[PDB]
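Worksheet: one structure, shown below.
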Amino acid sequence: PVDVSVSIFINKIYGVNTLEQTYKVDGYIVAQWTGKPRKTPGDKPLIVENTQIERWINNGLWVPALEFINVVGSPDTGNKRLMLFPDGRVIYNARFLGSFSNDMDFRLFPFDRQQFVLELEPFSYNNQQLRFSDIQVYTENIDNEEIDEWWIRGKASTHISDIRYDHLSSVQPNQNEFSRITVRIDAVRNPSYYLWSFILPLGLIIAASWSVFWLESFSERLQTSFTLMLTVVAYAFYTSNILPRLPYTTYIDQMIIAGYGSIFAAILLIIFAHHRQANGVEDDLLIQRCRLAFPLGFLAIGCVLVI
Amino acid sequence: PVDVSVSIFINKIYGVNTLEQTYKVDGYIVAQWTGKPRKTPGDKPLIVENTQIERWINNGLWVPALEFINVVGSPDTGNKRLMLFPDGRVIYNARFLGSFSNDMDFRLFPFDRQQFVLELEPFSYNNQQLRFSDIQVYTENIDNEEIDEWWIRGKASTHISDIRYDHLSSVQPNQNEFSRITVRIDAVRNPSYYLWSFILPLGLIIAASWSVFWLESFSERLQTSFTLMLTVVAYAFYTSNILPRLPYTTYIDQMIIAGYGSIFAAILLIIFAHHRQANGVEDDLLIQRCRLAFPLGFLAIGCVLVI
Amino acid sequence: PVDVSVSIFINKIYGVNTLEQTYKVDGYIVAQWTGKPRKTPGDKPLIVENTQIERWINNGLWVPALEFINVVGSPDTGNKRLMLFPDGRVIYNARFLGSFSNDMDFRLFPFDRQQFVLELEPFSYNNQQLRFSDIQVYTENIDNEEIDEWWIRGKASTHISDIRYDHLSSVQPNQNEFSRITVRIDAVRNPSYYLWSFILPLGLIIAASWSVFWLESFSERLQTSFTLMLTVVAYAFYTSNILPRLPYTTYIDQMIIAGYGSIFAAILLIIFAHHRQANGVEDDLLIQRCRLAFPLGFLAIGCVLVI
Amino acid sequence: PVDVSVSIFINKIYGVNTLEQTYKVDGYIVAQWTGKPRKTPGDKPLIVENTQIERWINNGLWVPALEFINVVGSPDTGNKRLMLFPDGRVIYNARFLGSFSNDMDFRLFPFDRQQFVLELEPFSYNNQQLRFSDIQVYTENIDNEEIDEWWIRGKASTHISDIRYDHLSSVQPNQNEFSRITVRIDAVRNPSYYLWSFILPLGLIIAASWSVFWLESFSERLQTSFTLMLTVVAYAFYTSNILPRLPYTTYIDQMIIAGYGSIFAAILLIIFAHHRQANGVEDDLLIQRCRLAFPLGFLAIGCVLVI
Amino acid sequence: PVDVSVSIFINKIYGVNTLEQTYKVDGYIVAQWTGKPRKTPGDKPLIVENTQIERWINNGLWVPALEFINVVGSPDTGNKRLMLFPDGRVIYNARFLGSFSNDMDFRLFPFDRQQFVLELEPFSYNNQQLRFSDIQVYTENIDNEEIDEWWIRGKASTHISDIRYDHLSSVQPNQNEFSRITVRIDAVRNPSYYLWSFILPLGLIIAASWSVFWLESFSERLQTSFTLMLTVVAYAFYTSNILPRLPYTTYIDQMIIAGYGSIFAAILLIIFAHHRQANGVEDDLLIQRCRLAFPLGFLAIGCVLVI
């Protein structure tokens, strides 16, 4: 097996999509191995640019094809370069721009903490014919940066592992184990936009819904709380588009459901207060003194749900 | 006829679109056949990478073109590889990423059960010149997984069949029958998101519409039920985008139509109660005691429609 | 002139767009002509796959370039194939996927009947050098099918004609007449979705607008009819996106305009009833008995407009 | 300098975008020049198709690269063709599909009159080495047609000019003047859709806003005019998407601003009528008789603004 | 090191996206260096077009690959050209169309001032093997122009610097310093559209919210201010799409938050005025005379926030 020494340089991470859980990584990859010595013009290394690499692979040069496993589509490989040294070592440099995909988990949605993963692996040569020695990831252009809404926290974690493939067990009997490099970058979402845009107005609307009890009539109370029903209908539209159709519920939609429950509870309470008249004349003050009980109960429900 | 032994490895299924009934399958295809023996360097097999396969097909190697029938666009074939063995057998490995399309049926929409189909077929050689022996589908990366909102249920069903083509009956008189491989993966939708997002608030709004009868006036009742008309207008917008313009109706839109019918029935009932005054003085209590009759009738209508 | 015998096989029609009046046709094209005899390996026909056709056109083979006239962009030609027979005849098979465009007419919008047109024509050789003998269109995969919302009615109509081109009259003096094949498939829209989604709720809202006269006040009538003004404002949004900005009006927007006219007529009528008080005391009953006159007048207006 | 005689054939103009001020032109280009004589097979002209032109440019044929200046992206050149005549003249035919861009001016928006411009120019050879003799534009397929919403008015205006380039003044000292062809097609927008969709309902809503004065109360007037405030808020959404963020204002948004001013003027007038009570008892009839003054004043303001 | 003399000609800047902070630059690049002399046909310079450059790089010509660092995707290089002079100097001209990306800062959003940056750099040769002598940027086509909504202010600032790369420090020990050219163009946003579209109606709605105190009731005040709550909910939708989810807040959203605070303050004030009745009979005039205090306080809050 030949020892290849990868050195990825993340130039930028952008386009971080949460609907499809993809992101775009732009950067450089530098693989380096050693082979039989050769004679170059002079004793200085020879730089062979893009589309001149095919004039050398045709003549018998060995350049492996390192692919990215977790990519969506194919990478947009721009320039590429091959440095040939007289002492016998080859360096393959390339520029990649990929739409990578990782399994994201938005259980906590506004205060979410995710990681971006690049997986690199030879396409043809297993670990008996090509092994990765080491990786250095030079993530210095995004070291502590706000990319669009993510803080990139700390360094990048690098790992080299062996993967078993079973569809190649019928064509390669005992050597189908492929070397693989995994690079993980930890990112933390910036919750400020959702705090001042999706949580403060929901707080104001729910507080206004609490204040419907201070009217001294009935039909005016019903009409006002139905208007607030319509208003909290609007926020389902306003928050639908930012996230995927997840089977679980996040914090933002837990407040939406709590707002629906509060509106419906207030309407049902004033309806039952209208029907509490056993003789048609009895006034209700114990159930209408929920002006201190309903906000405290909502705070307790919100606290037990958030805890 | 030469016997080709396909072995598809589904790496992932994603991007499952219901508006256009397409999905994206990313994976590997491994075809294997046998030919005349040859001399390789040594006695070890020879790996010929991408764009070096054309230097061999030009010299006279026989590599068939296996296409995907149900694809939208063309597959984004990334790397490809050709293993040539000294004993005479050839193995063609390729990586495919396709936007496939199948005929989906959303009669039941939130509890829907669908299947994803890959169809593979030679482009040029009929079953007198190329036959498929067997297929093993290695769907172990999506075996029991929630891809975005689908459970993948169990194994993958594989089939090999013969297809008649009639536009080639004028150019190939008696041999136009093409071998074909069909792979079906059964997926079950996850109804949780529609349960807590599109059914619970419609239930609350329809219950609030039931509670309009407990007012003791007339014009307040009319204004309140028209506000609820507007609110259920909003949910047509809110549910329009998730599905294709189907000629039939699903469960979600059956509840939308039931909500429209309930609002209009309540408005028409209170209008007829206002016009039931034969002398201008007669009060109505039998038709205004539908506070127990309207929810039970709605439950019976919903139950007979759902059954 | 050489006689080419085209045989198109429509595999599917999908993506039928009405905003841009394009559609996507996926299928196969099989052209067949005869030339000088040749020696193949044995006496069996020779199949030359994709990218091996260029090794034959370089050596002097004659393969014409048949283009599609009404295409948007360029076709996504996938595989292609060339069958060379020892008796001297050549067969060029190709797989095409095109975004074609035809002049659609949505005068009647929900009950619309359109046709999908494929036009095929040589790029370089006029009818003195290349003539089309016949076409057989094998539309058996979409024969009577609901593609997304269109019934495909019956067979496909095929035509072969000659087209004059006048920009080539300065470079080809008397022979600029190009052969052309036109294929027309008749499709009929499925009006069910618009019936139960865009016409039933507009009917309910217009009926509720008719029922505003049964109030016995004035300001309540004005506020209610302005709420219904807002509701029919919403349907302009709800129906804007499904169709192109046409200079004429369809059935759906004729109902939108009729709803606007009904709301404004009711508001103007109750305003004039408020101002009919010549002494400030005279009550109006003849103009307020339009509870039977307004729905009948709306039905007559709708019937004369639809007829 | 060699004399090239271009002959553009506009096949269709479509996709006319106003947000980005681009449009798509599909058609053919035919350039023709004369060179040294040559021997062809026989004495008939030789047709060299796509990808066979490179076998001739490698051997020393001179084919200039005519580019389009005002294009967005690169043209999607489909087929191309080269006719070589024994008398010594060459004809280069190509099919182009370009997203062209022109500086549009929507000062008058619904009754707008624009022109579509194609600019063609050699890439390498200045007018000392390549001159354009003439252009004939064969715009007969779009001569008087409604493309999507534009009438194409009359013929196409053709011009041949010389352009100075100053970045090539440091590499070409005295000859950097490039020949150029400009083709202008005049199109007139079809205002019918905006008349019956964006102007008639704004007229109805503004008329209903005029009719708020005929109420005989105060708070009902305030609530009604605030509902109409909300309704004219909706039309900002409804008209935002059809046009670019222009620094000036068009006719449609001038009516939106006039509607906002009318609603606010009516609200401020009834507020000042409520506060005109110097003793708390004085009734106002001169300022409340604006039921004839407000519509006439709005008509005068609209007329002076439109004139 | 060889001295390359770049000369960029910005043809246009368009497509300026603020959601993703990218923009599209279309133009020409002209690099020029000197080498060993050569014999051309005659003594006139030799123009080698696109795809004929590969016939010269194969024979041993030295053409460096200048890449753009801050690009998204890869540039859409259209035509390219190579001028070879007998005195020994080479000129490489190319046409580029790139989606470039720069770090934008929308702290002030409507009156924003940004700059568009092009960064150009050799891919393979460091500054010991390739140095940039100078750059002239010919930005005369966008000199003082309104591109879509940006004024381009003045000339373009050009800079040539040296960049250290550390992933190449393991393969190039002491010479990994790459020459680089940065071009900055200063653009100023045109605030007119946001002034007459997003600030004038928010001013009108906030003024109408100030005018809720002039009612002489309580429940009518509450219902009116809740309607204005709904109206300012709509503008969060109306302004969400124009900008990225920034952690800070701009001017437009500061007015949105001020409108929410004003509505909630008015509602809470009238609620506390209803509960100021210590005996159930005491009328409030000092707290209800905020008709002059609330607008002045809002003006002071807006002024201290804007300053």
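Letters A, B, ... go to the chains of the structure tokens in the order shown; residues in each chain start at 1; ligands are counted from 1 in the same order.
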Please superimpose chain A on chain C using every C-alpha atom, paired by order, in a least-squares fit, and write the moved chain as a tab-separated table (two decimals) with C-alpha atoms, in the first residue's frame.
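For reference, result-v6.tsv as written:
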```
chain	number	residue	atom	x	y	z
A	1	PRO	CA	-32.17	13.05	-51.82
A	2	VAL	CA	-31.87	10.24	-49.29
A	3	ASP	CA	-35.03	8.90	-47.64
A	4	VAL	CA	-34.99	8.91	-43.83
A	5	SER	CA	-37.74	7.04	-41.97
A	6	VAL	CA	-38.16	8.52	-38.49
A	7	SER	CA	-39.91	6.59	-35.69
A	8	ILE	CA	-40.40	8.57	-32.47
A	9	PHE	CA	-41.31	6.73	-29.25
A	10	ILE	CA	-42.74	9.09	-26.63
A	11	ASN	CA	-41.69	7.57	-23.32
A	12	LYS	CA	-43.39	10.19	-21.15
A	13	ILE	CA	-44.72	13.74	-21.13
A	14	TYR	CA	-44.37	15.58	-17.84
A	15	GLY	CA	-43.60	18.92	-16.25
A	16	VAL	CA	-46.40	20.62	-18.18
A	17	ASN	CA	-45.94	24.27	-17.30
A	18	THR	CA	-48.67	26.81	-17.98
A	19	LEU	CA	-46.86	29.95	-16.81
A	20	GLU	CA	-44.26	29.52	-19.56
A	21	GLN	CA	-46.27	27.19	-21.85
A	22	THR	CA	-43.50	24.58	-21.97
A	23	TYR	CA	-43.56	20.85	-21.33
A	24	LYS	CA	-40.97	18.10	-21.07
A	25	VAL	CA	-40.99	15.18	-23.48
A	26	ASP	CA	-38.73	12.20	-22.82
A	27	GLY	CA	-38.37	9.48	-25.42
A	28	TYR	CA	-36.43	7.85	-28.23
A	29	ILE	CA	-35.86	8.78	-31.87
A	30	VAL	CA	-35.00	6.18	-34.53
A	31	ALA	CA	-33.95	7.39	-37.96
A	32	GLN	CA	-33.14	4.91	-40.72
A	33	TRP	CA	-31.67	5.37	-44.19
A	34	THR	CA	-29.76	3.36	-46.78
A	35	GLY	CA	-26.31	3.84	-48.24
A	36	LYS	CA	-23.50	2.00	-50.00
A	37	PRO	CA	-22.92	-1.57	-48.78
A	38	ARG	CA	-20.08	-2.41	-46.44
A	39	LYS	CA	-18.28	-5.31	-44.80
A	40	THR	CA	-18.98	-5.85	-41.11
A	41	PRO	CA	-17.44	-8.51	-38.82
A	42	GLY	CA	-19.22	-11.58	-40.09
A	43	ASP	CA	-22.55	-10.81	-41.72
A	44	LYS	CA	-24.28	-9.68	-38.54
A	45	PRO	CA	-25.06	-5.99	-37.95
A	46	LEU	CA	-22.57	-3.82	-36.09
A	47	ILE	CA	-23.66	-1.78	-33.07
A	48	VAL	CA	-21.58	1.35	-32.50
A	49	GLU	CA	-22.34	3.02	-29.14
A	50	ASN	CA	-22.00	6.58	-27.86
A	51	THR	CA	-18.60	8.27	-28.46
A	52	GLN	CA	-17.58	5.61	-30.95
A	53	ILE	CA	-19.73	7.31	-33.49
A	54	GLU	CA	-17.11	10.02	-33.77
A	55	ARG	CA	-14.50	7.47	-34.79
A	56	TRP	CA	-16.75	6.71	-37.78
A	57	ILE	CA	-17.85	10.22	-38.74
A	58	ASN	CA	-14.17	11.19	-38.82
A	59	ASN	CA	-13.50	8.40	-41.32
A	60	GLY	CA	-16.23	9.65	-43.63
A	61	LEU	CA	-19.57	8.23	-42.52
A	62	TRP	CA	-22.61	10.37	-43.27
A	63	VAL	CA	-24.82	10.96	-40.24
A	64	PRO	CA	-27.22	13.91	-40.49
A	65	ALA	CA	-28.05	16.14	-37.55
A	66	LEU	CA	-31.80	16.12	-36.94
A	67	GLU	CA	-32.73	18.98	-34.61
A	68	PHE	CA	-35.93	19.89	-32.78
A	69	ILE	CA	-37.29	23.27	-33.83
A	70	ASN	CA	-39.61	24.18	-30.95
A	71	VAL	CA	-37.24	23.35	-28.12
A	72	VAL	CA	-36.26	25.62	-25.23
A	73	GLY	CA	-32.56	25.33	-24.55
A	74	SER	CA	-30.99	22.23	-26.07
A	75	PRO	CA	-32.12	18.62	-25.71
A	76	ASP	CA	-30.39	16.50	-23.10
A	77	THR	CA	-29.31	13.73	-25.46
A	78	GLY	CA	-28.31	10.82	-23.27
A	79	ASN	CA	-27.19	7.61	-24.90
A	80	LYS	CA	-27.02	7.20	-28.66
A	81	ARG	CA	-26.41	4.26	-30.95
A	82	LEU	CA	-25.66	3.51	-34.59
A	83	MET	CA	-26.51	0.17	-36.21
A	84	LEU	CA	-24.62	-0.59	-39.42
A	85	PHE	CA	-25.95	-3.35	-41.58
A	86	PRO	CA	-24.05	-5.32	-44.23
A	87	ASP	CA	-26.82	-4.80	-46.80
A	88	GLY	CA	-26.05	-1.07	-46.69
A	89	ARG	CA	-28.61	0.54	-44.35
A	90	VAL	CA	-27.85	2.64	-41.27
A	91	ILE	CA	-30.03	3.15	-38.19
A	92	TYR	CA	-29.39	6.04	-35.80
A	93	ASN	CA	-31.10	5.69	-32.42
A	94	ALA	CA	-30.95	8.36	-29.74
A	95	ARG	CA	-32.61	9.23	-26.45
A	96	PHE	CA	-33.89	12.78	-26.11
A	97	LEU	CA	-35.27	14.81	-23.22
A	98	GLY	CA	-36.48	18.22	-24.29
A	99	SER	CA	-38.28	21.22	-22.87
A	100	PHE	CA	-40.56	21.95	-25.81
A	101	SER	CA	-42.74	25.02	-26.20
A	102	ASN	CA	-46.09	25.46	-27.97
A	103	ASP	CA	-48.53	28.36	-28.28
A	104	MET	CA	-51.19	27.58	-25.68
A	105	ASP	CA	-54.58	29.31	-25.45
A	106	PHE	CA	-56.23	29.43	-22.02
A	107	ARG	CA	-59.45	31.20	-23.08
A	108	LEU	CA	-61.45	28.60	-21.17
A	109	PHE	CA	-59.18	27.85	-18.25
A	110	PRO	CA	-60.43	24.96	-16.15
A	111	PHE	CA	-61.96	22.96	-19.04
A	112	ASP	CA	-59.04	23.67	-21.34
A	113	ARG	CA	-58.05	21.46	-24.27
A	114	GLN	CA	-54.49	21.78	-25.58
A	115	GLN	CA	-52.08	19.94	-27.84
A	116	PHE	CA	-48.40	19.12	-27.43
A	117	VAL	CA	-46.28	19.53	-30.56
A	118	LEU	CA	-42.88	18.08	-31.48
A	119	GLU	CA	-41.24	19.50	-34.61
A	120	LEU	CA	-38.21	17.74	-36.08
A	121	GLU	CA	-36.11	18.94	-38.99
A	122	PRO	CA	-32.65	18.45	-40.53
A	123	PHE	CA	-30.18	21.16	-39.68
A	124	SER	CA	-28.05	21.20	-42.83
A	125	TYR	CA	-29.64	19.21	-45.64
A	126	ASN	CA	-32.67	20.56	-47.50
A	127	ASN	CA	-35.26	18.38	-49.22
A	128	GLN	CA	-33.10	18.04	-52.33
A	129	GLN	CA	-30.51	16.25	-50.17
A	130	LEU	CA	-32.61	14.72	-47.36
A	131	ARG	CA	-36.30	13.83	-47.46
A	132	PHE	CA	-38.43	12.25	-44.76
A	133	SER	CA	-40.39	9.28	-46.06
A	134	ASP	CA	-42.66	8.51	-43.12
A	135	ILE	CA	-43.10	8.69	-39.36
A	136	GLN	CA	-44.66	6.20	-36.96
A	137	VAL	CA	-45.18	7.65	-33.48
A	138	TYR	CA	-45.39	4.94	-30.81
A	139	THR	CA	-47.23	6.79	-28.05
A	140	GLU	CA	-48.30	3.63	-26.22
A	141	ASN	CA	-46.85	4.55	-22.82
A	142	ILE	CA	-49.10	7.62	-22.52
A	143	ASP	CA	-52.01	6.37	-24.63
A	144	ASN	CA	-54.94	7.07	-22.23
A	145	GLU	CA	-53.19	8.31	-19.11
A	146	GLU	CA	-53.44	11.05	-16.51
A	147	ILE	CA	-49.92	12.45	-16.73
A	148	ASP	CA	-50.21	15.00	-13.94
A	149	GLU	CA	-53.54	16.69	-14.68
A	150	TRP	CA	-54.09	15.99	-18.39
A	151	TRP	CA	-55.88	13.17	-20.15
A	152	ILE	CA	-54.06	12.18	-23.32
A	153	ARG	CA	-56.85	11.66	-25.84
A	154	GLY	CA	-56.40	9.05	-28.53
A	155	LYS	CA	-53.58	8.61	-31.00
A	156	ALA	CA	-50.93	11.07	-32.18
A	157	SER	CA	-51.33	12.99	-35.43
A	158	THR	CA	-48.26	12.93	-37.69
A	159	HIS	CA	-47.46	15.23	-40.59
A	160	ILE	CA	-44.58	15.77	-43.01
A	161	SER	CA	-44.29	19.16	-44.67
A	162	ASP	CA	-41.84	21.48	-46.43
A	163	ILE	CA	-40.73	24.77	-44.86
A	164	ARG	CA	-39.33	27.76	-46.72
A	165	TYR	CA	-36.43	29.55	-45.06
A	166	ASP	CA	-35.55	33.01	-46.31
A	167	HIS	CA	-32.30	33.77	-44.48
A	168	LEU	CA	-30.74	30.92	-46.48
A	169	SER	CA	-32.04	32.38	-49.75
A	170	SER	CA	-28.90	34.51	-49.99
A	171	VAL	CA	-26.55	31.52	-49.58
A	172	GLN	CA	-28.67	28.79	-51.19
A	173	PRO	CA	-30.42	30.43	-54.16
A	174	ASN	CA	-33.17	28.03	-55.26
A	175	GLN	CA	-32.99	25.13	-52.77
A	176	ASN	CA	-33.66	26.36	-49.23
A	177	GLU	CA	-36.77	24.26	-48.60
A	178	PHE	CA	-36.35	22.00	-45.57
A	179	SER	CA	-38.32	18.86	-44.79
A	180	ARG	CA	-40.09	18.82	-41.44
A	181	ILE	CA	-42.06	16.43	-39.23
A	182	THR	CA	-44.78	17.65	-36.88
A	183	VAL	CA	-46.27	15.42	-34.17
A	184	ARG	CA	-49.38	16.60	-32.32
A	185	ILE	CA	-50.78	14.94	-29.21
A	186	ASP	CA	-54.16	16.12	-27.94
A	187	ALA	CA	-54.54	16.58	-24.18
A	188	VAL	CA	-57.57	17.62	-22.14
A	189	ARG	CA	-57.22	19.28	-18.74
A	190	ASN	CA	-58.75	17.68	-15.67
A	191	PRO	CA	-61.04	20.34	-14.14
A	192	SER	CA	-61.74	18.47	-10.89
A	193	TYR	CA	-59.18	20.29	-8.73
A	194	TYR	CA	-60.38	23.73	-9.75
A	195	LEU	CA	-64.00	22.64	-9.25
A	196	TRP	CA	-63.53	21.56	-5.64
A	197	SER	CA	-60.89	24.15	-4.77
A	198	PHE	CA	-61.43	27.48	-6.58
A	199	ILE	CA	-65.14	27.43	-7.51
A	200	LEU	CA	-66.93	25.87	-4.54
A	201	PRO	CA	-65.51	28.34	-1.94
A	202	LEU	CA	-66.10	31.29	-4.28
A	203	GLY	CA	-69.68	30.06	-4.58
A	204	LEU	CA	-70.00	29.90	-0.80
A	205	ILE	CA	-68.51	33.38	-0.31
A	206	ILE	CA	-70.75	34.92	-2.99
A	207	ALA	CA	-73.81	33.23	-1.43
A	208	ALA	CA	-72.83	34.64	1.96
A	209	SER	CA	-72.52	38.05	0.28
A	210	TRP	CA	-76.07	37.63	-0.99
A	211	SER	CA	-77.18	36.90	2.57
A	212	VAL	CA	-76.00	40.35	3.89
A	213	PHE	CA	-79.43	41.89	3.19
A	214	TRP	CA	-81.19	39.88	5.91
A	215	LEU	CA	-79.73	42.09	8.63
A	216	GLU	CA	-82.10	44.75	9.97
A	217	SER	CA	-79.49	47.48	10.54
A	218	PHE	CA	-77.13	49.56	8.43
A	219	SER	CA	-73.63	49.86	9.89
A	220	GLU	CA	-73.49	46.14	10.64
A	221	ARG	CA	-74.35	45.51	6.98
A	222	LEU	CA	-71.57	47.85	5.85
A	223	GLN	CA	-68.93	46.27	8.12
A	224	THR	CA	-69.92	42.73	7.09
A	225	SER	CA	-69.76	43.48	3.37
A	226	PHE	CA	-66.37	45.15	3.80
A	227	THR	CA	-65.12	41.98	5.50
A	228	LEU	CA	-66.32	40.05	2.46
A	229	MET	CA	-64.48	42.60	0.27
A	230	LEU	CA	-61.29	41.62	2.09
A	231	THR	CA	-62.08	37.92	1.68
A	232	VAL	CA	-62.46	38.23	-2.11
A	233	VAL	CA	-59.26	40.31	-2.18
A	234	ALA	CA	-57.50	37.20	-0.83
A	235	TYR	CA	-58.58	35.06	-3.79
A	236	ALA	CA	-56.78	37.33	-6.25
A	237	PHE	CA	-53.58	36.29	-4.43
A	238	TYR	CA	-54.77	32.70	-4.33
A	239	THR	CA	-55.37	32.52	-8.09
A	240	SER	CA	-52.60	34.81	-9.38
A	241	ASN	CA	-49.83	32.23	-9.58
A	242	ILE	CA	-51.42	29.39	-11.58
A	243	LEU	CA	-51.56	31.28	-14.86
A	244	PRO	CA	-49.64	33.73	-17.10
A	245	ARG	CA	-50.52	37.41	-17.38
A	246	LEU	CA	-52.99	36.91	-20.23
A	247	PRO	CA	-54.65	39.87	-21.97
A	248	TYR	CA	-58.03	38.11	-21.86
A	249	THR	CA	-59.96	36.79	-18.86
A	250	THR	CA	-60.83	33.18	-18.05
A	251	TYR	CA	-63.74	31.61	-16.16
A	252	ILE	CA	-62.09	31.76	-12.72
A	253	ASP	CA	-61.26	35.42	-12.96
A	254	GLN	CA	-64.68	36.15	-14.42
A	255	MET	CA	-66.09	34.81	-11.15
A	256	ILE	CA	-63.60	36.94	-9.21
A	257	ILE	CA	-64.77	40.06	-11.09
A	258	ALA	CA	-68.41	39.02	-10.57
A	259	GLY	CA	-67.76	38.67	-6.84
A	260	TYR	CA	-66.22	42.15	-6.70
A	261	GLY	CA	-69.21	43.53	-8.59
A	262	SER	CA	-71.66	41.79	-6.27
A	263	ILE	CA	-69.98	43.11	-3.11
A	264	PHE	CA	-69.79	46.64	-4.49
A	265	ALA	CA	-73.39	46.51	-5.74
A	266	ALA	CA	-74.66	45.41	-2.32
A	267	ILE	CA	-72.69	48.15	-0.55
A	268	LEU	CA	-73.84	50.81	-3.00
A	269	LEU	CA	-77.45	49.59	-2.72
A	270	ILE	CA	-77.52	49.81	1.07
A	271	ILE	CA	-75.82	53.23	0.90
A	272	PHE	CA	-78.51	54.47	-1.50
A	273	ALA	CA	-81.15	52.96	0.78
A	274	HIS	CA	-79.69	55.02	3.63
A	275	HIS	CA	-79.84	58.15	1.42
A	276	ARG	CA	-83.32	57.40	0.04
A	277	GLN	CA	-84.74	59.11	3.16
A	278	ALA	CA	-86.17	62.26	1.57
A	279	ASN	CA	-87.54	63.49	4.92
A	280	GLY	CA	-85.15	61.48	7.09
A	281	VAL	CA	-87.97	59.12	8.10
A	282	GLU	CA	-89.15	57.19	5.00
A	283	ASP	CA	-88.49	53.45	5.17
A	284	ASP	CA	-87.56	51.39	2.11
A	285	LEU	CA	-89.03	47.94	1.48
A	286	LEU	CA	-89.14	47.66	-2.32
A	287	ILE	CA	-85.37	48.09	-2.69
A	288	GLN	CA	-84.69	45.98	0.43
A	289	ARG	CA	-86.70	43.06	-0.98
A	290	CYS	CA	-83.79	42.19	-3.30
A	291	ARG	CA	-83.20	39.04	-1.21
A	292	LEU	CA	-84.94	37.20	-4.05
A	293	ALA	CA	-83.88	39.63	-6.80
A	294	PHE	CA	-80.12	39.79	-6.21
A	295	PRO	CA	-79.42	35.99	-6.39
A	296	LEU	CA	-81.61	35.63	-9.49
A	297	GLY	CA	-79.93	38.62	-11.12
A	298	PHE	CA	-76.51	37.20	-10.29
A	299	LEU	CA	-77.56	33.84	-11.77
A	300	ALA	CA	-78.79	35.56	-14.94
A	301	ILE	CA	-75.57	37.59	-15.24
A	302	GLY	CA	-73.47	34.47	-14.68
A	303	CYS	CA	-75.50	32.52	-17.22
A	304	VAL	CA	-75.31	35.20	-19.93
A	305	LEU	CA	-71.56	35.57	-19.31
A	306	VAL	CA	-70.93	31.82	-19.41
A	307	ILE	CA	-73.08	31.46	-22.55
```
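Residue-level DSSP output for segment 46-186 of chain A, from the backbone, shows helix (DSSP H, G or I) at residues 54, 55, 56 and 57 of chain A.
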